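# Observations on chain architecture
Residue strings, one per chain:
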Amino acid sequence: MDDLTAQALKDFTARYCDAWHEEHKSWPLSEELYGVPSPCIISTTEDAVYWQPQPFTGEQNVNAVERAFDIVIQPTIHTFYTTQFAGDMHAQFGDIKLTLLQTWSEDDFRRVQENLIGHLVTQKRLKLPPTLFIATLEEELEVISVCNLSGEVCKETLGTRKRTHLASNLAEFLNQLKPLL
């Protein structure tokens, strides 16, 4: 019972927190998550919350997405969003700067799946290769996702057929990520 993908995520999360400790002598501090409840919240300032990863509670799968949409979602994506509760984390893959998305709480988990569903419906409408996003970029319509056909991590432009290979699988991608402060 060793999910190496969940472990790759925990390892990166651990490196992220270490970077925050080394550079700011603290846990991650997020102004963006201020106002949204979560088990991860340690303490709050006038406009931000300090947070730490926490155990994930609830069903550990995104079957709500498979229920709402005719699709068999890669196991690694089920794992990616249900391994822990955590805030978003900034990272770098090679020269690519990104924000790794996560599940903040049970309520946010419902939102996460709603967004994944809207996303798949859009791709079906345009007959585009189905993907499940895991990170955002600065380019407005550019995201990093797990290409559902093979499980590879790809960089895509929403609304287009364009995909570019980044990693063989989610675990590989996560093990290559460097924290970004």
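Read on for an overview of the structure. (Residues numbered from 1 in each chain as written, not as in the entry; some residues may be left out. Heavy atoms only, no water.)

## Examining the side chain of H78
To keep it simple, the criterion reads: Only DSSP runs of H or I reaching four residues or more are called helices, and only runs of E reaching two or more are called strands; each is numbered from the N terminus. We call a residue buried when its accessible area falls under 20% of the maximum for its residue type, exposed when it is over 50%, and partly exposed in between, using a 1.4 Å probe and counting protein chains only. Contact criterion: two residues are considered in contact whenever any of their non-hydrogen atoms come within 4.5 Å of each other.
Along the chain, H78 turns up in helix α3 (residues 75–80). In this structure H78 comes out as buried when scored by relative accessible area, which is 12%. With residues near it in sequence (within four places) discarded, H78 still touches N61, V62, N63, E66 and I73.

## Quick look at the environment of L137
Assignment of secondary structure puts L137 in the loop between β6 (131–136) and β7 (142–147). The class for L137 is buried, based on a relative accessible area of 10%. Once the C-alpha coordinates of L137 and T79 are considered, the two residues, 58 residues apart in sequence, prove to be 22 Å apart. Residue contacts for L137: discarding those within four places in its chain leaves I96, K97, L98, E142, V143, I144 and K155.

## Some thoughts on the environment of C40
Within the element layout of this structure, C40 appears in the loop between β1 (29–30) and β2 (41–44). The spacing of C40 and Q54 is 14 residues in sequence and 5.7 Å in space, taken between C-alpha atoms. Those residues in contact with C40, other than ones at most four positions away along the chain, are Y50, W51, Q52, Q54, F85, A86 and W104.

## Structural notes on helix α4 (residues 106–125)
Selection criterion: In this scheme, a helix's expected span is set at 1.5 Å multiplied by one less than its residue total. By arc we mean the arc of the directions from the helix axis to the C-beta atoms, nothing more. Pairs of N or O atoms are called polar contacts if they sit within 3.5 Å, as long as, within protein, a hydrogen donor faces a hydrogen acceptor (for residues adjacent in sequence, only side-chain-to-side-chain pairs).
In this model α4 runs 29 Å from its N-terminal to its C-terminal C-alpha over 20 residues, within 8% of the 28 Å that 1.5 Å per residue would give. When we look at burial in α4, the residues that qualify are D108, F109, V112, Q113, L116, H119, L120 and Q123. The buried residues of α4 all sit within an arc of 145° when viewed along its axis, so they share a single face. Away from its buried face by more than 90 degrees, α4 exposes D107 and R125. On its buried face, α4 sits against α2 (63–68), β6, β8 (153–157) and β9 (163–167). Two to three positions downstream of the cap, the backbone nitrogen of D108 sits 3.2 Å from a side-chain oxygen, assigning the N-cap of α4 to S105. Downstream of α4 by one or two residues, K127 has phi in the positive range, about 55°.

## Side note on the sheet that holds β8
What counts, and what does not: At least two bridges found by DSSP between two strands is the condition for calling them paired. For every element, the axis is a line fit to its C-alpha atoms; helices are fit only across the contacting stretch, and the angle between N-to-C directions ranges from 0 to 180 degrees.
Strands sit in the order β9-β8-β7-β6-β5-β4-β10 across an open sheet of seven strands; the sheet is antiparallel. Of all the strands in the sheet, the pair left with one neighbour each is β9 and β10 (178–179). Judged from the five bridges that link them, β6 and β7 form a sheet pairing that is antiparallel. By the bridge assignment for β7, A135 is matched with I144. The strands touched by helix α1 (residues 4–24) within the sheet are β4 (89–93), β5 (96–100) and β10, with β4 carrying the most contacts at an inclination of about 105°. The sheet strands contacting α4 are β6, β8 and β9, and the helix crosses β6 at an angle near 120°.

## Focus: the sheet that holds β1
Taken together, the three strands give an open sheet; going across it, the order is β1-β3-β2, and neighbouring strands pair in antiparallel fashion. Only two strands of the sheet have a single neighbouring strand rather than two, namely β1 and β2. The pairing of β2 with strand β3 (residues 49–51) spans three bridges and is antiparallel. Residue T44 lies in a different strand from β3, and its bridge partner there is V49.

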